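Protein chains in written order, with PDB author numbering: chain A, 2227 to 2275; chain B, 727 to 823; chain C, 2276 to 2323; chain D, 1985 to 2081; chain E, 1985 to 2081; chain F, 630 to 678.
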């Protein structure tokens, strides 16, 4: 069980240290939702054009 | 936040590791934003009542015109508010509205 | 394309492609989505 | 008289919805182009906007798959501490035996 | 007096972030093409750059899914060695019985 | 003062938190050291706004 505790901690340390972690997708979603809203105003502009 | 953008727009160069004259006050503002992020996740309060606690603190028992507190007596009432909302169940939206 | 925008219209102070589309800390992801927005801001400014 | 503990209650969580206001249209602009060329221009923008929306939808799915994945490992790390204390009482029992 | 072992401590891992510096723009070049033809040329490059970024994002997800998968099998191979030694003590107990 | 300590200490057991975890959410003293996390926040808000 002490091995399984250390093995659980290694998976937890892996999910936090890998590149495609949660902090990547918070960055990707927050940046893209800012782009996608600004791109929305440009495309509705030409739908009105 | 207005002072924060005035610092970025003028005195911050991205990627440069140098000392700006009021850089340490900016860090304390960003350390604060991470603190209040932690307040939201730990108390378990929902998204719309956390608007209401920021904007109308008197509705949660604060004094009139007072800035809200992340005091431990204010963290315990946010948890007891979030436990109160979760006990309402599916009718919790009708009560909070 | 910005130099062509700056030459079809008399303006040199008007810039649309700004630095930081490449974020090296995030492996440069969403660099093309940032530039495609910047190209759509030239074309909207060109049409008007 | 013997003390019988009460039945274990069911936990209950509240899921409220959010609501954002509907926006308004921008002011229309009369461009120089005729309709078949401006429709084809507008269809190129809207096709690009669908590709941002499909990309944004995948990122939302993939941040929730990894917010869950970090949740499941934090729960597994807290649960293994109890089993370590249970196994200590197993060894302490064999010392009493 | 009887020796009681201490409570099992919680393990703790540190996840630091990295930071890469912001680059700068290249020197602009005045090509021969007019703006509608150069915009369409530049939109073809940027569309190809988005397709590299979607491909690169999938490879990053898929190397982390398989770095994890090799981690889970190395952990399963180390854990089965203890259960082999536990089962040896099960057989040795039945020889003592 | 004892009732304030009795209320919060009993509350920290039900939340299963430390005083150290509570003090992070409560402290008004902030560390003035430019971390890579803050530096990523400064680079994103700079290029975004």
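Every residue gets a Cβ at the ideal spot worked out from N, C-alpha and C, and that includes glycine.
Partners in chain F for residue i, counting only beta-carbon separations shorter than 8 Å
| i | result |
| --- | --- |
| residue 738(B) | 671, 675 |
| residue 814(B) | Simply none; closest approach about 20 Å. |
Straight-line gap, residue i to residue j (C-alpha atoms, nearest Å)
| i | j | result |
| --- | --- | --- |
| residue 2250(A) | residue 2301(C) | 7 Å |
| residue 768(B) | residue 2002(E) | 26 Å |
| residue 2266(A) | residue 2026(D) | 12 Å |
| residue 2029(D) | residue 2272(A) | 8 Å |
| residue 825(B) | residue 793(B) | Only positions 727 to 823 of chain B appear in this structure, which leaves residue 825(B) out of reach. |
| residue 665(F) | residue 2000(E) | 8 Å |
| residue 1985(D) | residue 1991(D) | 18 Å |
| residue 747(B) | residue 661(F) | 13 Å |
| residue 2280(C) | residue 2015(D) | 17 Å |
| residue 656(F) | residue 670(F) | 21 Å |
| residue 2038(E) | residue 2034(D) | 15 Å |
| residue 2044(D) | residue 819(B) | 24 Å |
| residue 654(F) | residue 2240(A) | 26 Å |
| residue 788(B) | residue 806(B) | 15 Å |
| residue 1989(D) | residue 633(F) | 31 Å |
| residue 811(B) | residue 637(F) | 21 Å |
| residue 2066(D) | residue 2075(E) | 28 Å |
| residue 783(B) | residue 673(F) | 31 Å |
| residue 631(F) | residue 2049(E) | 52 Å |
| residue 645(F) | residue 760(B) | 21 Å |
| residue 639(F) | residue 663(F) | 36 Å |
| residue 2017(E) | residue 2286(C) | 17 Å |
| residue 2031(D) | residue 2023(D) | 12 Å |
| residue 2291(C) | residue 738(B) | 20 Å |
| residue 2264(A) | residue 821(B) | 35 Å |
Neighbour list for residue i in chain F, Cβ cutoff strictly below 9 Å
| i | result |
| --- | --- |
| residue 2006(E) | 672, 675, 676 |
Under 9 Å from the C-beta of residue i: neighbouring residues of chain D
| i | result |
| --- | --- |
| residue 789(B) | Result: empty, since nearest Cβ-Cβ is about 27 Å, beyond 9 Å. |
| residue 773(B) | 2000, 2002 |
| residue 753(B) | Neighbours of residue 753(B) on chain D: none; closest Cβ ~26 Å, over 9 Å. |
Residue j beta carbon less than 8 Å from that of residue i
| i | j | result |
| --- | --- | --- |
| residue 2260(A) | residue 677(F) | yes |
| residue 2244(A) | residue 2051(E) | yes |
| residue 755(B) | residue 730(B) | yes |
| residue 2317(C) | residue 2277(C) | yes |
| residue 2064(D) | residue 2234(A) | yes |
| residue 823(B) | residue 770(B) | no |
| residue 2047(D) | residue 2248(A) | yes |
| residue 2042(D) | residue 2238(A) | no |
| residue 2268(A) | residue 2315(C) | yes |
| residue 2009(E) | residue 2231(A) | no |
| residue 753(B) | residue 796(B) | no |
| residue 757(B) | residue 659(F) | yes |
| residue 2056(D) | residue 2262(A) | no |
| residue 2312(C) | residue 2254(A) | no |
| residue 2068(D) | residue 2228(A) | yes |
| residue 675(F) | residue 734(B) | yes |
| residue 2309(C) | residue 2296(C) | yes |
| residue 815(B) | residue 1998(D) | yes |
| residue 727(B) | residue 651(F) | no |
| residue 2013(D) | residue 2275(A) | yes |
| residue 2006(E) | residue 791(B) | no |
Under 8 Å from the C-beta of residue i: neighbouring residues of chain E
| i | result |
| --- | --- |
| residue 2078(D) | The contacting residues do not exist; residue 2078(D) stays about 12 Å from chain E at best. |
| residue 2065(D) | 1992, 1994 |
| residue 2068(D) | 1992 |
Beta-carbon neighbours of residue i, restricted to chain A and to distances below 8 Å
| i | result |
| --- | --- |
| residue 2316(C) | 2268 |
| residue 2039(D) | 2258 |
Neighbour list for residue i in chain D, Cβ cutoff strictly below 8 Å
| i | result |
| --- | --- |
| residue 2234(A) | 2057, 2060, 2061, 2064 |
| residue 1989(E) | 2072 |
| residue 822(B) | 2000 |
| residue 2220(A) | With chain A covering 2227 to 2275 only, the question about residue 2220(A) has no answer from this structure. |
8 Å Cβ cut-off: residues of chain C touching residue i
| i | result |
| --- | --- |
| residue 2002(E) | 2300 |
| residue 2033(E) | 2306, 2307, 2310 |
Interface partners of residue i on chain A, CB under 7 Å
| i | result |
| --- | --- |
| residue 2045(E) | 2246 |
Under 7 Å from the C-beta of residue i: neighbouring residues of chain C
| i | result |
| --- | --- |
| residue 2271(A) | 2319 |
Partners in chain B for residue i, counting only beta-carbon separations shorter than 9 Å
| i | result |
| --- | --- |
| residue 2051(D) | Those do not exist, as residue 2051(D) stays about 11 Å from chain B at its closest Cβ, beyond 9 Å. |
Contacts of residue i in chain C (Cβ-Cβ under 9 Å)
| i | result |
| --- | --- |
| residue 2265(A) | 2308, 2311, 2312, 2315 |
Chain-ordered chain D contacts of residue i [CB-CB under 7 Å]
| i | result |
| --- | --- |
| residue 818(B) | 1998, 2000 |
Short-range partners of chain F found in the stretch 2286 to 2310 of chain C, where Cβ spacing is below 9 Å: Within the stretch 2286 to 2310 of chain C, contact with chain F at the beta-carbon level (separation under 9 Å) is assigned to 2293, 2294, 2295, 2296, 2298, 2300, 2301, 2309.
Chain B contacts made by the stretch 649 to 670 of chain F, where a contact means CB separation under 7 Å: Of all residues in the stretch 649 to 670 of chain F, 651, 653, 654, 655, 659, 660, 661, 662, 663, 667, 670 have a Cβ within less than 7 Å of some Cβ in chain B.
Residues from the stretch 2012 to 2026 of chain D in contact with chain C, defined by Cβ distance under 7 Å: Answer set for the stretch 2012 to 2026 of chain D: 2013, 2015.
Unbroken stretches of the alpha helix (DSSP H), 4 residues or longer, contained in the stretch 2013 to 2072 of chain D: Segments of the alpha helix (DSSP H) lying fully in the stretch 2013 to 2072 of chain D: there are none.
Complete alpha helix (DSSP H) runs within the stretch 740 to 802 of chain B (minimum length 4 residues, chain order): The stretch 740 to 802 of chain B contains these whole alpha helix (DSSP H) runs: 749 to 769, 773 to 781.
Residues, ordered as in the chain, of the stretch 788 to 812 of chain B that lie near chain F by beta-carbon distance below 8 Å: Of all residues in the stretch 788 to 812 of chain B, those with a C-beta nearer than 8 Å to a C-beta of chain F are 796, 797, 798, 799, 801, 802, 805, reading in chain order.
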